>>> print(open('run28.pdb').read())   # PDB, C-alpha atoms (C1' of nucleotides)
ATOM      1  CA  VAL O   1     -99.999 230.164  90.053  1.00  0.00           C
ATOM      2  CA  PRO O   2     -99.584 226.516  88.918  1.00  0.00           C
ATOM      3  CA  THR O   3     -96.086 226.380  87.467  1.00  0.00           C
ATOM      4  CA  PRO O   4     -93.539 229.017  88.740  1.00  0.00           C
ATOM      5  CA  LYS O   5     -91.205 229.838  85.826  1.00  0.00           C
ATOM      6  CA  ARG O   6     -92.794 229.404  82.391  1.00  0.00           C
ATOM      7  CA  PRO O   7     -90.759 227.516  79.714  1.00  0.00           C
ATOM      8  CA  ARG O   8     -89.374 229.308  76.608  1.00  0.00           C
ATOM      9  CA  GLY O   9     -91.573 228.925  73.479  1.00  0.00           C
ATOM     10  CA  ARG O  10     -94.425 230.402  71.388  1.00  0.00           C
ATOM     11  CA  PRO O  11     -97.868 230.058  73.143  1.00  0.00           C
ATOM     12  CA  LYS O  12    -100.633 227.960  71.476  1.00  0.00           C
ATOM     13  CA  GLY O  13    -102.562 229.748  68.680  1.00  0.00           C
ATOM     14  CA  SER O  14    -100.007 232.575  68.272  1.00  0.00           C
ATOM     15  CA  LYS O  15    -100.410 234.112  64.794  1.00  0.00           C
ATOM     16  CA  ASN O  16     -97.668 236.203  63.160  1.00  0.00           C
ATOM     17  CA  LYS O  17     -98.323 239.968  63.325  1.00  0.00           C
ATOM     18  CA  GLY O  18     -95.437 241.711  61.542  1.00  0.00           C
ATOM     19  CA  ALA O  19     -94.247 239.787  58.457  1.00  0.00           C
ATOM     20  CA  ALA O  20     -90.440 239.519  58.216  1.00  0.00           C
ATOM     21  CA  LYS O  21     -90.938 239.267  54.417  1.00  0.00           C
ATOM     22  CA  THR O  22     -90.090 242.061  51.914  1.00  0.00           C
ATOM     23  CA  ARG O  23     -92.819 244.510  50.852  1.00  0.00           C
ATOM     24  CA  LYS O  24     -93.698 245.267  47.231  1.00  0.00           C
ATOM     25  CA  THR O  25     -94.338 249.048  47.036  1.00  0.00           C
TER      26      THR O  25
ATOM     27  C1'  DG U   1     -90.360 215.571  59.550  1.00  0.00           C
ATOM     28  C1'  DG U   2     -88.024 220.591  58.417  1.00  0.00           C
ATOM     29  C1'  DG U   3     -88.305 225.622  58.472  1.00  0.00           C
ATOM     30  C1'  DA U   4     -89.827 230.238  60.267  1.00  0.00           C
ATOM     31  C1'  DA U   5     -91.538 233.509  63.630  1.00  0.00           C
ATOM     32  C1'  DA U   6     -92.537 234.741  68.287  1.00  0.00           C
ATOM     33  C1'  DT U   7     -91.962 234.738  73.451  1.00  0.00           C
ATOM     34  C1'  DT U   8     -89.314 233.976  77.732  1.00  0.00           C
ATOM     35  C1'  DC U   9     -85.366 233.411  81.078  1.00  0.00           C
ATOM     36  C1'  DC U  10     -80.634 234.485  82.424  1.00  0.00           C
ATOM     37  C1'  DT U  11     -76.143 237.182  82.820  1.00  0.00           C
ATOM     38  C1'  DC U  12     -73.527 241.376  83.571  1.00  0.00           C
TER      39       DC U  12
ATOM     40  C1'  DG T   1     -82.186 247.793  84.789  1.00  0.00           C
ATOM     41  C1'  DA T   2     -81.596 246.371  79.928  1.00  0.00           C
ATOM     42  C1'  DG T   3     -80.040 243.157  76.313  1.00  0.00           C
ATOM     43  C1'  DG T   4     -78.661 238.643  74.373  1.00  0.00           C
ATOM     44  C1'  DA T   5     -79.547 233.807  73.776  1.00  0.00           C
ATOM     45  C1'  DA T   6     -82.443 229.549  73.737  1.00  0.00           C
ATOM     46  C1'  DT T   7     -86.768 226.791  72.990  1.00  0.00           C
ATOM     47  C1'  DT T   8     -91.463 225.910  71.416  1.00  0.00           C
ATOM     48  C1'  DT T   9     -95.430 225.626  67.970  1.00  0.00           C
ATOM     49  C1'  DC T  10     -97.845 225.762  63.361  1.00  0.00           C
ATOM     50  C1'  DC T  11     -98.072 224.672  58.493  1.00  0.00           C
ATOM     51  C1'  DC T  12     -97.092 221.956  54.239  1.00  0.00           C
TER      52       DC T  12
END
>>> encode(input="run28.pdb", output="structure tokens")
Amino acid sequence: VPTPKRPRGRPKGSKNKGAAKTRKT
DNA sequence: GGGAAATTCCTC
DNA sequence: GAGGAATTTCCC
């Protein structure tokens, strides 16, 4: 309700869920 | 102060 | 309606 369009970016306290790293097995 | 990952807004 | 592109934040 305060600002209309939200800016582009990663919210505060957003942790990474899926790791884009390579798996071992 | 740089890099990486995630979310959002805009065009066709 | 759906997809592509751009910007922000956290950690070392």
>>> resolve_selection(input="run28.pdb", expression="the PyMOL selection byres ((chain T) within 9 of (chain O))", output="MDAnalysis selection string")
chainID T and resid 6:10
>>> interface_residues(input="run28.pdb", of="chain U", to="chain O", cutoff="7 Å", atoms="only C-alpha atoms (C1' of nucleotides)", output="PDB file with C-alpha atoms (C1' of nucleotides), in the coordinates of the input")
ATOM      1  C1'  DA U   5     -91.538 233.509  63.630  1.00  0.00           C
ATOM      2  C1'  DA U   6     -92.537 234.741  68.287  1.00  0.00           C
ATOM      3  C1'  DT U   7     -91.962 234.738  73.451  1.00  0.00           C
ATOM      4  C1'  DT U   8     -89.314 233.976  77.732  1.00  0.00           C
TER       5       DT U   8
END
>>> axis_aligned_box(input="run28.pdb", around="chain U", padding_each_side="5 Å", output="lines of an AutoDock Vina configuration file")
center_x = -83.0
center_y = 228.5
center_z = 71.0
size_x = 29.0
size_y = 35.8
size_z = 35.2
>>> residues_around(input="run28.pdb", residues="residue 3 of chain T", least_positions_apart="4", cutoff="12 Å", atoms="all atoms listed in the file", output="list in words")
residues 10, 11 and 12 of chain U
>>> write_last_selection(input="run28.pdb", atoms="C-alpha atoms (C1' of nucleotides)", output="compact mmCIF listing (two decimals), in the frame of the given file")
# COMPACT_ATOMS: atom_id res chain seq x y z
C1' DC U 10 -80.63 234.48 82.42
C1' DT U 11 -76.14 237.18 82.82
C1' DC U 12 -73.53 241.38 83.57
>>> residues_near_point(input="run28.pdb", point="(-87.0, 225.2, 58.4)", cutoff="12 Å", atoms="only C-alpha atoms (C1' of nucleotides)", output="tab-separated table (two decimals) with C-alpha atoms (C1' of nucleotides), keeping the file's coordinate frame")
chain	number	residue	atom	x	y	z
U	1	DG	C1'	-90.36	215.57	59.55
U	2	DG	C1'	-88.02	220.59	58.42
U	3	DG	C1'	-88.30	225.62	58.47
U	4	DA	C1'	-89.83	230.24	60.27
U	5	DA	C1'	-91.54	233.51	63.63
T	10	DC	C1'	-97.84	225.76	63.36
T	11	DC	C1'	-98.07	224.67	58.49
T	12	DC	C1'	-97.09	221.96	54.24
